[PDB]
């Protein structure tokens, strides 16, 4: 009974952020039950003062959180509720412990937490291995971020659902602003857009021109932050990263088997279940080509975000050792 779950959530006591450990970049959700992750999400809206500043009703927030959780497919190995929850938790830790909070407006923080929780809504486990698709000479020919547009539509749908309207207390303007920020934040999770815009972001930082008052730079930064949180599984303590890496591998292999039957093509190592031995080398490659630069750049933005980078490096060292097969 969906109602039974709601009644349980809305009536439970929400433990403190400290007890929940949602402030740690090292936070893990493995020992938490769905109910507990929901309680964590409430603590996130509360401690970021979103419930207060936007007068959200307890029951309505609980319902919205349960609706979001419900619209994720538990059958998809990695891109499910737990990934979205972790993304939001990383966003919370970055805002608080990473001190990104005071560099943003209350609306932007509102949009970011909502986006982090809704960016992979109704994901089917389809991943695009062609990571350079945004830089191809004809990139403008194949519509980009199709699924991300779907995730947002889903996000918007749930926000406008009777009893789930956590943004009802906003003005007509505040609402419009918040929805635009959310849409961009969600679209930013298309890794291709990260590849396309990171160069610009890195340079602004390298040359000391970074300026969050410039709306264009604020938007670029929000996109980079979304990516940072989205990939943060790669920064977790070794044992946790290993398990998360398995889930990612499993969703890849599932696609490989699915495409073999539907497209009559054999999978590349990335999506070949018989190639688990090549995972560590690929992780090192993923880290070097995609992660390190992002977390390093974020550390320049705020030194307190350093632990994400640090955790990432430690994992590189772990995966590398395995790559060399001890």
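Whichever C-alpha set is largest while still superposing within 1.5 Å between the two forms counts as the rigid core. Positions refer to the first chain, counted from 1.
Rigid core superposition in 8 other deposited structures of this protein puts the Cα atoms of one stretch, out of 167-175 and 70-78, farther from the shown form on average, and that stretch is 70-78. Of the two stretches examined, 155-163 and 206-214, the one with higher mean CA deviation in 8 other deposited structures of this protein after a rigid core fit is 206-214. The records show that residue 251 is included in the coordinate set of every other eligible entry of this protein, so it is not omitted in a third of them. When the other compared entries with both flanking residues are checked, residue 90 is modelled in all of them, not unmodelled in a third.
When the two stretches 50-58 and 294-302 are set side by side, the higher mean Cα temperature factor goes to 50-58. 192-200 and 68-76 differ in mean CA B-factor, and the higher of the two is recorded for 68-76. Within the selection 219, 153, 122, 106, the deposited Cα B-factor values reach their highest point at 106. The residue among 144, 96, 236, 82 whose C-alpha carries the highest B-factor in the deposited model is 144. Placement of the Cα temperature factor of residue 14 within the chain: middle third of the modelled residues, per the deposited record. In this PDB entry, the Cα temperature factor of residue 210 sits in the middle third of its chain's modelled residues. For residue 286, the recorded CA B-factor ranks within the middle third of the chain. Only modelled residues enter the ranking. Residue 135: CA B factor lies in the highest third for its chain, per the PDB record.
Remark: residue 129 belongs to the highest third of its chain, ranked by C-alpha B-factor as recorded.
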